[PDB]
Amino acid sequence: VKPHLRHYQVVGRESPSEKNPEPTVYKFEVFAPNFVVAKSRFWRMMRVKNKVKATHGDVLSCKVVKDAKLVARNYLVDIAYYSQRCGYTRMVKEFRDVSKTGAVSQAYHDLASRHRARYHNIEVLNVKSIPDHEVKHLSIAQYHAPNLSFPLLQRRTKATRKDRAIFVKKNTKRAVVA
Amino acid sequence: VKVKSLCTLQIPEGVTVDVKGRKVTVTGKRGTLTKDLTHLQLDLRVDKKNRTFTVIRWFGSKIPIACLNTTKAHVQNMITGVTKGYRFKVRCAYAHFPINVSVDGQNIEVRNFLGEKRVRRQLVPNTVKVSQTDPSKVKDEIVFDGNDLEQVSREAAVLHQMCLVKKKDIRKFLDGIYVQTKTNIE
Amino acid sequence: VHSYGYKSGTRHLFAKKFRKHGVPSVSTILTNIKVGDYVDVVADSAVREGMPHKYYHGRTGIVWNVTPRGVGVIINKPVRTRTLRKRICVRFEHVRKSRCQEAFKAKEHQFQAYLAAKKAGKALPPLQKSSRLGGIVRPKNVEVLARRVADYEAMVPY
RNA sequence: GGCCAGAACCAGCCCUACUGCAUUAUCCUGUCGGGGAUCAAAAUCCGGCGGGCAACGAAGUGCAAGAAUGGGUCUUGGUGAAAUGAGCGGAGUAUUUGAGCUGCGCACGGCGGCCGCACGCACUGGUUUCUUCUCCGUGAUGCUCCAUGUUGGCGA
RNA sequence: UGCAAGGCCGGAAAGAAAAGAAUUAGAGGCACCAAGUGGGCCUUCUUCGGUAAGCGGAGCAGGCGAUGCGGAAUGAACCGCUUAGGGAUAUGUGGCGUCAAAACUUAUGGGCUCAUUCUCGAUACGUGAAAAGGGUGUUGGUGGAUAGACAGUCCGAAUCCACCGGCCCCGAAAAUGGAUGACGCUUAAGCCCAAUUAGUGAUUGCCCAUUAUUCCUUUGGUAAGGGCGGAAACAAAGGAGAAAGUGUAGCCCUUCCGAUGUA
RNA sequence: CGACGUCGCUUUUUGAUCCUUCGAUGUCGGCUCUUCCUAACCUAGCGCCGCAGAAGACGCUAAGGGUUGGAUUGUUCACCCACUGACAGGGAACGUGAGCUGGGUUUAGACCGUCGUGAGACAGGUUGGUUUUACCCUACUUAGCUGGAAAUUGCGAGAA
Ligand SMILES: [K+]
Ligand SMILES: [K+]
Ligand SMILES: [K+]
Ligand SMILES: [K+]
Ligand SMILES: [Mg+2]
Ligand SMILES: [Mg+2]
Ligand SMILES: [Mg+2]
Ligand SMILES: [Mg+2]
Ligand SMILES: [Mg+2]
Ligand SMILES: [Mg+2]
Ligand SMILES: [Mg+2]
Ligand SMILES: [Mg+2]
Ligand SMILES: [Mg+2]
Ligand SMILES: [Mg+2]
Ligand SMILES: [Mg+2]
Ligand SMILES: [Mg+2]
Ligand SMILES: [Mg+2]
Ligand SMILES: [Mg+2]
Ligand SMILES: [Mg+2]
Ligand SMILES: [Mg+2]
Ligand SMILES: [Mg+2]
Ligand SMILES: [Mg+2]
Ligand SMILES: [Mg+2]
Ligand SMILES: [Mg+2]
Ligand SMILES: [Mg+2]
Ligand SMILES: [Mg+2]
Ligand SMILES: [Mg+2]
Ligand SMILES: [Mg+2]
Ligand SMILES: [Mg+2]
Ligand SMILES: [Mg+2]
Ligand SMILES: [Mg+2]
Ligand SMILES: [Mg+2]
Ligand SMILES: [Mg+2]
Ligand SMILES: [Mg+2]
């Protein structure tokens with residue numbers, strides 16, 4: 001399925017004033033479900049790093065950075081999350097995916113499952129596509145084998161939604177209730 | 001998870017290994033053995049031309065992988081027991097009361113264990129042959145012979161646990177029946 | 001408060017600021033208060049005569065009466081469902097000219113000056129433009145906004 | 001027939017089908033170098049340089065105004081007892097919307113008067129190459145309410 | 001002639017500019033006569049006494065009391081929504097394995113978890129049950145290291161140490177038989193994230209309200225309007241009505257808005 | 001076995017509160033009878049010990065079974081005597097009064113001490129002092145009659 005997060009580039013600045021006639025323009029990249037959340041994360045970052053509130057700032061552009069062509073790649077996601085018990089925990093994780101947005105969405109699902117971290121407690125520091133020989137975890141490197149083969153065992157294959165049946169003959173495809 | 005975990009086993013020339021639906025049958029010069037491994041969910045493969053046995057787990061975490069070497073060990077035990085057999089030799093150790101052991105066919109009677117009047121009786125299954133060494137060679141030695149390691153070791157264990165000391169210090173009162181040597185028939 | 005005397009609960013209210021003690025200055029004496037003027041009722045702690053009640057501290061009202069040493073001020077006080085016009089009697093030391101109509105008076109004077117200039121044909125001052133409008137932005141320096149490992153390493157004390 | 005059903009059409013309303021405008025560059029694509037792995041390779045990856053539209057239903061990105069000139073109404077009234085209709089009449093083959101292309105000045109961008117103008121404003125500019133329905137039309141001399149179809153079934 | 005105060009006569013009036021430069025289901029004031037009530041309780045947040053309490057006592061504000069309806073299985077107070085009599089269409093809270101309407105057990109979504117006699121978990125409020133401490137169960141992370149290394153008796157590839165998470169487990173004992181509501185569920189029907197028919201070609205899966213929108217009818221307005229000088233004509237073998245009106249079977253018609261409620 | 005600390009748990013104590021009951025829920029103890037709990041005294045299996053044996057200490061699974069006779073005291077408690085394998089601890093409206101009993105508490109009589117001028121008071125001592133009703137409904141125990149698978153009907157048709 002397509003990723004639930006998009007790659008946004010928010011460009012903004014503090015509103016020009018007499019005291020600061022030409023404010024610095026900042027480029028910020030974020031992964032958010034929509035552009036309103038992207039602007040929210042941008043203004044949070046501006047507040048916590050530059051002391052610039054949204055009430056005194058401009059957003060020059062909020063565009064989606066398009067994905068590249070889908071290619072099986074190794075993505076390095078440097079990511080951090082907050083918990084009351086531990087504070088800020090930074091980790092660097094490698095993922096197999098076809099896009100940066102897919103890799104980051106997978107990272108968010110992974111943090112939500114293995115550490116119970118939610119979107120607004122998570123900061124993606126960086127996402128980079130790395131070569132095969134820079135992959136350190138065997139759980140990812142096993143997909144670099146040239147003769148990578150495996151069967152599909154324990155498949156749970158459901159019929160086409162129209163063809164699905166409640167009662168079917170035991171050694172037969174004849175549907176009795178459908 | 002790991003995509004492919006693999007264990008390989010070599011087969012001696014005489015042995016014949018066949019797998020069918022996680023059931024392994026091993027045939028050697030001294031009989032045949034069977035193992036029901038349908039509780040494992042592994043990919044068992046036998047290469048007859050290259051005389052190799054292979055067990056594969058696909059997409060496994062730590063718990064399923066731990067079953068690979070267990071399967072290899074079971075099949076290796078079957079091969080060894082079907083080509084050499086298993087011989088467990090137990091000894092009767094006593095301080096004062098001589099433990100008297102009678103082996104009439106498949107029945108083992110233990111008498112006078114710590115001077116008790118109760119008779120401990122064991123019915124060895126037909127796949128395990130129990131004999132008693134001549135006391136001139138080794139005194140108080142009972143031998144279990146079989147092709148199945150698990151059956152022979154279970155018989156030796158149940159004989160060991162029929163003669164546990166109750167309601168006494170166990171550091172003292174070292175009387176009991178203990179397996180001493182675990183070797184092969186051939 | 002445990003008792004309900006006239007000056008109950010005024011320990012910090014009727015105290016002088018740090019290093020600002022002393023009696024009212026000559027500028028307070030020389031201030032001319034007229035009937036109809038807007039005044040602020042601010043009690044001077046060092047006078048203690050003609051002192052307003054604590055309620056009227058920080059209230060702005062209109063002068064209704066001038067005596068040789070006192071000022072009569074009308075203060076709005078909400079009591080239940082209505083507002084009462086309370087007339088309080090304080091000494092002039094506890095009264096300040098209120099700038100509450102300064103901006104409105106300046107607006108009136110600016111309007112009169114604008115009318116005078118429009119009559120005289122003088123060019124009016126240019127109208128200020130809205131800062132909310134769009135336009136081209138030419139960034140002299142563009143920086144990357146991001147979260148670094150050093151931010152986390154810094155926010156941890158000891 | 002003041003009863004029960006079916007279908008047809010009219011007005012209203014409620015659902016659905018039919019889609020354009022902007023954007024893309026951290027992108028697409030060749031080649032040289034590096035690097036990677038191989039059995040040799042290609043690839044994953046990093047730079048330089050040269051071209052660009054990833055346009056198949058391109059994108060799951062921002063905004064969409066596309067005249068049902070297909071369903072439902074036993075969720076409303078009706079069968080023309082005033083039909084107001086882009087829909088019903090009458091008359092014309094045109095009107096002018098937009099899209100292309102394009103003139104002058106200004107505006108905007110770059111360099112600081114030129115060079116650009118993605119096609120912004122004024123001339124309600126030009127061209128019709130594609131696209132399009134364009135004008136008229138009926139008071140109540142009705143103050144109010146109620147009274148008008150078709151096909152069967154059941155009622156003689 | 002200055003100041004202060006009452007006036008009188010004139011002037012000028014963005015009727016208040018431009019700079020983000022207010023908004024209003026905004027008739028403002030003034031009375032008269034009276035009723036119930038004057039035991040209150042709960043909750044977010046703030047708060048005092050108390051070991052605490054479903055304890056006692058306060059502040060701001062919402063509730064219940066006085067109030068149902070739709071949800072949390074059940075509950076005055078929690079969530080949603082607040083109510084004329086009825087349809088249709090959409091939702092809210094909450095759900096879509098059966099009970100029970102909705103995924104006839106959805107996806108062409110990712111991870112995690114095995115829990116043996118109060119039987120793992122699915123309990124917002126609800127603490128309406130659990131901690132300190134611990135686990136070589138498993139799955140993640142952060143540092144450090146050692147690499148013919150560790151173990152084994154040399155011999156061929158990764159190994160070791162400390163620390164911190166997720167879920168699970170131990171810690172974890174009460175009296176009638178019993179409670180995620182029940183059954184069950186483990187390619188979950190559990191937990192944490194995501195989605196709406198799925199890298200296909202765009203942004204509404206589905207079910208349920210006394211809520212929203214809309215239609216019909218009733219009733220009352222701080223109600224808003226029109227008509228009311230019978231237009232003309234018209235036997236039986238198109239009809240009837242038309243009142244200058246608070247209130248009736250309301251003169252008649254059109255049009256808006258509101259309808260719950262203890263004392 | 002655990003000092004200094006620290007975290008729990010349980011309602012077999014007592015407090016704290018005042019929600020319910022004041023046109024009344026009979027309000028000590030015992031007797032009898034049943035059942036439940038487990039934090040296990042004995043009885044079944046075990047682990048461990050400063051475990052030689054014997055006797056024991058600690059701990060686990062386990063509440064199926066058992067857990068007494070007496071002197072004093074109204075007592076609950078207490079204590080002692082004696083058996084025993086053991087004489088574990090608790091709940092059930094502090095189980096149980098239309099089941100009993102009525103020794104105690106707690107009316108009216110009376111005595112004493114202390115207190116009070118006194119009438120009288122004392123959670124101080126003492127003695128004497130009405131224990132009502134079931135035939136209703138359920139529950140339980142037995143004892144009878146009797147239809148019924150569309151659980152009375154449909155004709156609605158399923159054979160372990
Ligand atoms: K290359
Ligand atoms: K009472
Ligand atoms: K027992
Ligand atoms: K009693
Ligand atoms: Mg002993
Ligand atoms: Mg203070
Ligand atoms: Mg102060
Ligand atoms: Mg026409
Ligand atoms: Mg303005
Ligand atoms: Mg009262
Ligand atoms: Mg209370
Ligand atoms: Mg009341
Ligand atoms: Mg509920
Ligand atoms: Mg309510
Ligand atoms: Mg259903
Ligand atoms: Mg619940
Ligand atoms: Mg909780
Ligand atoms: Mg813990
Ligand atoms: Mg349950
Ligand atoms: Mg439930
Ligand atoms: Mg009674
Ligand atoms: Mg009673
Ligand atoms: Mg126990
Ligand atoms: Mg014991
Ligand atoms: Mg025992
Ligand atoms: Mg006795
Ligand atoms: Mg009790
Ligand atoms: Mg009792
Ligand atoms: Mg009784
Ligand atoms: Mg009685
Ligand atoms: Mg008595
Ligand atoms: Mg006396
Ligand atoms: Mg007595
Ligand atoms: Mg007496």
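Within every chain, numbering begins at 1; the chains are lettered A, B, ... in the order of the sequence lines, protein sequences first and strands thereafter.
- Nearest-nucleotide assignment on RNA chain F puts the 5′-proximal partner with B:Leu164, out of B:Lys172 and B:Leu164.
- Using the sign of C1'-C2'-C3'-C4' as the criterion, E:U187 falls on the south side of the pucker cycle.
- Between E:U113 and its strand neighbour E:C114 the base rings do not stack, failing centres under 5.5 Å or planes under 30°.
- Judged by distance alone, with hydrogens and angles left aside, the side-chain atoms of A:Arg116 form no donor-acceptor pair with the main-chain N or O of A:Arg114 at under 3.5 Å.
- Each of A:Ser83 and A:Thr55 has a nearest nucleotide on RNA chain E; the 5'-most of these lies closest to A:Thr55.
- OP1 or OP2 of E:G20 lies within a sub-4.0 Å distance of a side-chain N or O belonging to C:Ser130.
- Across all strands shown, D:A11 forms a Watson-Crick or G-U wobble pair, both distances under 3.5 Å, with D:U76.
- Separation of atoms CD (A:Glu29) and OH (A:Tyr8) is listed at 14.5 Å; rounding is to 0.5 Å.
- When the nearest nucleotides of RNA chain E are assigned to A:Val1 and A:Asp67 by heavy-atom distance, the more 5′-ward of the two goes with A:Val1.
- Two residues are said to be in side-chain contact when any heavy atoms from C-beta on lie closer than 4.5 Å; B:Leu68 and B:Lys72 fail this criterion.
- Using the sign of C1'-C2'-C3'-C4' as the criterion, E:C192 is classed as a north pucker.
- A side-chain donor-acceptor contact under 3.5 Å links A:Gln142 to the backbone of B:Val1.
- Of the side-chain N and O atoms in A:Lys2, one or more sit less than 4.0 angstrom from OP1 or OP2 of E:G201.
- Summarising the base pairing, D:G116 is matched to D:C108 through a Watson-Crick or G-U wobble pair whose two defining distances lie under 3.5 Å.
- Neither OP1 nor OP2 of E:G140 sits under 4.0 Å from any side-chain N or O of A:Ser113.
- Searching all strands for a Watson-Crick or G-U wobble partner of D:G62 with both distances below 3.5 Å returns D:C21.
- Classification of the F:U138/F:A139 step: stacked, the six-membered rings being closer than 5.5 Å at their centres and less than 30° apart in plane orientation.
- Map B:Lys168 and B:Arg171 each onto its nearest nucleotide of RNA chain F; the residue landing nearer the 5' end is B:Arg171.
- The base of D:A54 sits within donor-acceptor range of the side chain of A:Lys69, with an N or O pair under 3.5 Å.
- Look at CG on A:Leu76: it is 18 Å from P on D:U44, rounded to the nearest Å.
- Judged by ring centres under 5.5 angstrom and plane angles under 30°, E:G128 does not stack onto its neighbour E:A129.
- Judged by atom type and distance alone, C:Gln110 does not reach the base of E:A16 through any side-chain donor-acceptor pair under 3.5 Å.
- A close approach under 4.0 Å does not occur between any side-chain nitrogen or oxygen of A:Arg164 and OP1 or OP2 of E:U105.
- Counting distance only, with no hydrogens placed and no angle test, the side-chain atoms of A:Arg116 and the base atoms of E:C193 include no donor-acceptor pair under 3.5 Å.
- Residue-level contact check: C:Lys107 touches the bases, meaning some heavy atom is under 4.0 Å from a base atom.
- Here A:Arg161 does not reach the OP1 or OP2 of E:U197: none of its side-chain N or O atoms lies under 4.0 Å away.
- Considering only side-chain N and O atoms, A:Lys63 lies nowhere under 4.0 angstrom from the phosphate OP1 or OP2 of D:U61.
- With hydrogens and angles ignored, the 3.5 Å screen pairs a side-chain donor or acceptor of C:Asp151 with a backbone N or O of C:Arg148.
- Figure legend: A:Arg41 and A:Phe31 shown without cation-pi pairing, the cationic atom not lying both under 6.0 angstrom from the six-membered ring centre and within 45 degrees of its axis.
- Counting distance only, with no hydrogens placed and no angle test, the side-chain atoms of A:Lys100 and the base atoms of D:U26 include a donor-acceptor pair under 3.5 Å.
- Neighbouring nucleotides E:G71 and E:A72 stack on each other, with six-membered ring centres less than 5.5 Å apart and ring planes inclined by less than 30°.
- Shown here, E:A73 forms no base pair; nothing in the strands shown gives a Watson-Crick or G-U wobble contact with both key distances under 3.5 Å.
- Pairing of E:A157, defined by two Watson-Crick or G-U wobble distances under 3.5 Å, is not identified with any nucleotide.
- A positive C1'-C2'-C3'-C4' dihedral is found for the sugar of D:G77, placing it in the north range.
- Remark: F:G50 base-pairs with no nucleotide in the shown strands. Criterion, Watson-Crick or G-U wobble with two distances under 3.5 Å.
- Note on C:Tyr114: every side-chain N or O is 4.0 Å or more away from OP1 and OP2 of E:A12.
- Base contact: A:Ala178 has a heavy atom under 4.0 Å from a base atom.
- Here A:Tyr81 lies in heavy-atom contact (under 4.0 Å) with sugar-phosphate atoms only.
- Neighbouring nucleotides F:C112 and F:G113 stack on each other, with six-membered ring centres less than 5.5 Å apart and ring planes inclined by less than 30°.
- Note on C:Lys34: a side-chain N or O is less than 4.0 Å away from OP1 or OP2 of E:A5.
- The pentose of D:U69 belongs to the north class of puckers. Its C1'-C2'-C3'-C4' angle has a positive sign.
- F:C122 is paired with F:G113 under the criterion used here, namely a Watson-Crick or G-U wobble arrangement in which both key atom distances are under 3.5 Å.
- Within the structure, every side-chain polar atom (N or O) of A:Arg6 is placed at least 4.0 Å from both OP1 and OP2 of E:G199.
- Remark: A:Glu123 engages A:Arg44 in a salt bridge, criterion side-chain N to carboxylate O under 4.0 Å.
- In terms of polar N and O atoms assigned as donor or acceptor, the side chain of A:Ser99 comes within less than 3.5 Å of the base of E:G199 in a complementary pairing.
- In summary, of the residues considered (A:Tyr82, A:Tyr108, A:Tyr81), a ring pair (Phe, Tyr, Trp, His ring centres under 6.0 Å) with A:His115 occurs for A:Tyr81 alone.
- Across all strands shown, E:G128 remains unpaired; no Watson-Crick or G-U wobble contact has both distances below 3.5 Å.
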